[PDB]
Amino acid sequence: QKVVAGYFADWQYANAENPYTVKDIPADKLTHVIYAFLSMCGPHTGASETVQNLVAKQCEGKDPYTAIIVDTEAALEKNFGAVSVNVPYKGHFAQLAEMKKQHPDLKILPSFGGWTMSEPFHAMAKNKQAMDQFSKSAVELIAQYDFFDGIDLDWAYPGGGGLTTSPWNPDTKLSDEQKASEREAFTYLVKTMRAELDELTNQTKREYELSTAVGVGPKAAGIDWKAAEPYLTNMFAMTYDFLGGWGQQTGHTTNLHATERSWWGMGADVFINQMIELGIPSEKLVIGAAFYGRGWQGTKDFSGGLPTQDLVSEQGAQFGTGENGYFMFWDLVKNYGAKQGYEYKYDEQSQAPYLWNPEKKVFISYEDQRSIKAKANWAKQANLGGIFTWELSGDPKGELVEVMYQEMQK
């Protein structure tokens, strides 16, 4: 029984072209659904205005660093349809409670953080009392919403490299002292959260999981894994976003294998191996698959061959499924295929698919059945814990999940 996990983005239902809800999740093919994202009462200056307003609203009457539902309309209020369970809310959470009823062996986790809401962790990590309050209140939150099976932490990232903590910019790069403080704080956080969950177990007699995302390369090495790992169930390795429309460097976003043609030698295999070397047990590690792609326009010096280690484009694509530069899998299948002038290609050495439009000079890197099969099989051979996807709505048919399930649970 390997992990076959999917993230469920709380916001995706709002796209009329793919209004994906909890009722669309292929629950019988997953071991875990992870609800993205919750946060805490702390600074969100780097998030959208929408998110900052939602947070400020929820902060009313709560202590600093209290675990919160952010989009409460999505989570609790919007009617996604009647359910058999008698719960005093609607939203996605009523649907998750129903899903748990119909699929009792599925594990459902809330994820705290994510790219745009990691910022408050940096403030929380400065004080033990802040971390205690977040731990206490996060466990109270799942105790109240008792279809949840534990807690996932998606703090991008202790030691920096996230949205408000870029090392490439002088005034956001974290100091050595702050990196060190955050290293110790992450251990304390997971120790405290694990203890709080163990107390909940003593009350309810259920087992709870505590898991975390892990960034790649230097972003993994900001945590003391030898100290932290005993507290954690799974580490979800974010083996994606290697390249993107933020830079002119063009190539694979989530390639399984590093090659001599990779930009900067990147590939999921090399990053997973580093994580194991840092002291994450392979059997706790879960490789990441993407149900989206990224793309570039005005790709230079390229005729449709294999991508190389110096491939560049004018810029990231000024087009996307919603925000520019990324594409959900379903949008790629519908709108960026052969009939639209995009040639599907597969880099066998990398195990990664890409799309090349020769007339328009557009390059897209993504993930498909072939690469997911390859990643699941590699995970098995590397004695990993399983595979997960960011995020389920990219695959409305459930066809990519089916590959994850069949190939991992094999």
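Start at 1 with the first residue shown and count on from there.
Visitor: Select between 144 to 152 and 126 to 134 the stretch whose C-alpha atoms have the higher average B-factor in the entry.
Guide: Averaging CA B-factors over each stretch, the winner is 126 to 134.
Visitor: According to the deposited model, is the average Cα temperature factor higher in 190 to 198 or in 311 to 319?
Guide: Here the higher of the two C-alpha B-factor means belongs to 190 to 198.
Visitor: Going by the deposited entry, which of 57, 380, 345, 373 has the highest CA temperature factor?
Guide: That would be 57, according to the entry.
Visitor: For the C-alpha B-factor as written in the entry, point me to the maximum among 112, 89, 225, 157.
Guide: In this record, 225 carries the highest C-alpha B-factor of the candidates.
Visitor: Which third of the chain does residue 180 land in by C-alpha B-factor: lowest, middle or highest?
Guide: Top third by C-alpha B-factor.
Visitor: Among all modelled residues of this chain, ranked by Cα B factor, put residue 278 in the bottom, middle or top third, i.e. lowest, middle or highest.
Guide: Highest third of the chain for residue 278's C-alpha B-factor.
Visitor: Relative to the other modelled residues in the chain, which third contains the C-alpha temperature factor of residue 402: lowest, middle or highest?
Guide: For residue 402, whose C-alpha B-factor we compare with every modelled residue in the chain, the answer is the middle third.
Visitor: Would you mind checking where the Cα B-factor of residue 408 ranks among the modelled residues of its chain, as the lowest, middle or highest third?
Guide: Its C-alpha B-factor belongs to the highest third of this chain's values.
Visitor: Divide the modelled residues of the chain into thirds by Cα B-factor and specify which third, lowest, middle or highest, holds residue 212.
Guide: Ranked within chain, residue 212 CA B lands in the middle tercile.
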